[PDB]
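Chains as they are written, first to last, in the entry's author numbering: chain H, 1 to 129; chain O, 1 to 88.
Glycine residues also receive a C-beta, built at the ideal position from the N, C-alpha and C atoms.
Comments concern the structure below.
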RNA sequence: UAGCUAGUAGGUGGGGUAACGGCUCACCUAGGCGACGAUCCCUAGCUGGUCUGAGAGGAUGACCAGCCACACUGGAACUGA
RNA sequence: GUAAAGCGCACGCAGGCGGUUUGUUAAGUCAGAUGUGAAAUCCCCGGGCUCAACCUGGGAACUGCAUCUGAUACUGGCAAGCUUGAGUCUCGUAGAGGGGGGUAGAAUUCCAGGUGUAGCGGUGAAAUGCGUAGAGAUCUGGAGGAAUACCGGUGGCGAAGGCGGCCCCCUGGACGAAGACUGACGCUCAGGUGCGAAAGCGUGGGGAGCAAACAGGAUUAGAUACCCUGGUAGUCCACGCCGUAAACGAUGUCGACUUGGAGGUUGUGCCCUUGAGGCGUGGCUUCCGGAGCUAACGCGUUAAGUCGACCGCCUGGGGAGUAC
RNA sequence: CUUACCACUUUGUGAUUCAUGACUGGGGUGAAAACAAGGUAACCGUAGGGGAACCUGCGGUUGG
């Protein structure tokens, strides 16, 4: 948003999930698209799609097992005000491995399992669960 | 309060073309004209305080625009602060 | 405790030192430090460690080991690696 | 919010934080390496003391620091943009927004006269104070100050304090419609700066009513009760000071997102091209209530929900917002 | 023998404390009716009167 557009996107996701909304939209960034890739390849959302050229818009599609949203929590971790960086041996297990941490590694934005595999840490973007 | 004709003259005389209303030179010239005239206003009455507040907004916004110029392009900034007489 | 500082900060020469150095001196320049806490006041040997705590932390620095400092108090040197 | 705790309100420097896309760098970050991280201690596996404590071997650990090599997502830098934030423009609307300048009446008291003579006056009760010397009221003109009854409001404007007769001059901000322009120019802000009810102060005035003080009467258990009767500061104006309020929504500022229903006020688009209209669409604003939140009360798209940036503040009651 | 520096020392002038001192400051000690409808809501700032704690003026609040 005004200062933290990535907590904006997570706030939109969890607000739209608690509102039982089918799809949320927000102004796109390339890192918004990166985290969206991580989520939709982890099965936390259905899909996304960025439309627009001068004003792209990221179209996340939320996902409900029945009447309950797939995401319970999604919390911003590193924010402007605390940046969080972890070495690969101290990357966080989110809900005992049942939920992901999306980290920003120097080989891109990946999940936490992927990062501790590839032996490189980085900036902890959020906890999804 | 400043007349439409005067704004047109200033937009011309500091604008890079006609109807470049929004560049920093145009913005600063309008703000400085308004500062001068209002300083005319508050000389006679010193005990108008609700209007003087709008004048502090004018002064503050004009300092912010001049700082943006200085940071962005020093050359146009230094041409302006005397080509309009500022930073006295 | 909000300003502090005239070897004060720097520079050139002398000198001095085992050695670099405002260390010292003569001249020159007029700086330097400070709200990222100078200055001033108060308290205090420092560490490995110890205790406590799930941890993060808190509290400590007896014994043992390492470093500092002191030797009635204040000065000073000599001798000597 | 009410338990302690949002500064009375702004503006604003430092500072903190910073939309988007490339490029670059490689500072943060991450990775590898290397060097160092004394021994003891702690921990693991053993060994010796008859066991244990204790001693001891090897290890691990020392979560750090530096250096080199590499990575480049992110943060920073540097460069170049972009246009969504922010602003400039063009045109209109509403408004107790403010400063000035005169302006008029209602009421207001005395005088200027007559009209009139036993009253005017008030409380728990008189009384004190007026009056028969003509007292009240009447109309008549004056004097002078205060404040602007209806409209008026569930209204409005303002950062807050707060702003209400009419009209002019100067002036501030807000909002709406399309369009153009700039091109992150932003947000928040310790310190700082400024505004800031009432009382008060100081300096000059003004003083129609009122009214702390003070002055008569009676109080009451005694009265310096209460009261009534006068009444001065003050109230009003100019300038300076004060800088405080339950300065309150007891709710910091800014942004984003999240079901509804009922209104009010002010724009504006489409279509009734009748004035409203019917359908939109903004801004402000009052009230219900959903999820959520809350100790509960409640709040609830103007959040006390869900978040992010920055600031202020709290840490049992009293002592005490007191002493120094 | 004599310069330069200097510890200490003496003086003055300063700051800073320590004690005690009348006093403080009088804390005293001893002596000269109504429970938000209820002798007059609950408060906030300010100014007055007085042994005060109260009352009154002026503005403000609902936490009546």
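Here residue 48 (chain O) is exposed, its C-beta having fewer than 16 other C-beta atoms within 10 Å.
At least 8 Å separates the beta-carbon of residue 64 (chain H) from that of residue 99 (chain H). Only buried fits residue 77 (chain O), as 16 or more other CB atoms lie within 10 angstroms of its CB. In terms of CA proximity to residue 113 (chain H), H:91 leads the group H:66, H:26, H:91.
DSSP lists H:85, H:104 as the bridge partner or partners of residue 123 (chain H). With fewer than three CB-CB distances shorter than 8 Å, the segment 51–63 of chain H does not count as touching the segment 79–86 of chain H. Contact between the segment 21–39 of chain O and the segment 67–76 of chain H is absent, with fewer than three C-beta pairs closer than 8 Å. From the listed residues H:16, H:28, H:20, the smallest Cα separation to residue 52 (chain H) is found for H:28. The bridge partners DSSP lists for residue 92 (chain H) come to none. Exposed is the label assigned to residue 64 (chain O), since fewer than 16 other Cβ atoms lie within 10 Å of its Cβ. Secondary structure of residue 27 (chain H) (DSSP, three-state): strand.
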